[PDB]
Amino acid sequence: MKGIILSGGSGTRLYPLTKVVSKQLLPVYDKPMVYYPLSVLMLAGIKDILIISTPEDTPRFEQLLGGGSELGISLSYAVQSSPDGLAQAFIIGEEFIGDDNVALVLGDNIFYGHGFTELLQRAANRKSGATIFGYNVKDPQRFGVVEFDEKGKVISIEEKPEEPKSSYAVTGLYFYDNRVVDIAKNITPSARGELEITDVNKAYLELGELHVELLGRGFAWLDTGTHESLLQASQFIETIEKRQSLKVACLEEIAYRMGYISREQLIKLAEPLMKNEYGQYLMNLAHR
């Protein structure tokens, strides 16, 4: 499986925050937003990842994450010339994806909760169909929305409905088989002139292979779209971290716990950052 992080968009709502800094490099407590969705692809066992951003911000993610091999993964970069919607990721990434299955995660999505990584791996290792993730939210009409039935099987899937048929939001994390690129090629802009992931999910629904994993109320799903939610997501992270002295979405911890790196490689990483807390945190970990 390959991974794609959609990490672009013009950053309107966060102005002036986003005047000279890209949205997904802004802090969520103690590390760049982008670390959060990257962590998720890593835990799913995806080792080969395309990061998409704007022409002016794409180089700045590349300056931060490099080419991935310090995390013992592989990272690549592509420019989205402008934000024509999320399905466009599969067009822009057609060539990085090629022959394989692909998972898409939104660059401004924070996921967290016990057992989450078991769910991610089932999905990441499924070799056909789509997997999407649902979550009971306050104002479901703000999001894609999935209604399902009895057995947990999907009866519909609609983008931002004036009258939502369900509380379960479709979240910014998606797993697909190889058919998705030719799917995204063959549908067209909506009323807001974007290529909609909902219509990508609608297609899989017709093929009879759209799976939902529904996330219960023990998971957290936040997105970092506004000054209010950004700060909220921030408080929520530091509360988890202050308490347990474990970090959320520390990339190097995940590379190592996941096998992508060795103790000795983790130690080479810790070593130059020993002047700061994040480095001592990595070093503590190698000591076990």
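Sequential numbering from 1, following the sequence displayed. We call the rigid core whatever largest set of C-alpha positions still superposes within 1.5 Å between the two forms.
Larger root-mean-square CA separation from the shown form, computed after a rigid core fit of the structures in 8 other deposited structures of this protein, is seen for 215-223 when 46-54 is set against 215-223.
Put simply, when the other structures in 8 other deposited structures of this protein are lined up on the rigid core, the C-alpha atoms of 244-252 lie farther off than those of the other stretch, from 55-63 and 244-252. Comparing 60-68 with 27-35, the stretch with the higher mean C-alpha B-factor in the PDB entry is 60-68. Looking at mean Cα B-factors across 141-149 and 171-179, the upper value is held by 141-149. Per the deposited record, the Cα B-factor of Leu285 falls in the middle third when ranked against the other modelled residues of its chain. Among the modelled residues of its chain, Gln121 has a C-alpha B-factor that falls in the highest third according to the deposited record. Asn109: CA B factor in the lowest third of modelled residues in this chain (values from the PDB entry). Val154: CA B factor in the highest third of modelled residues in this chain (values from the PDB entry). The entry lists a Cα temperature factor for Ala103 that places it in the lowest third of the chain's modelled residues.
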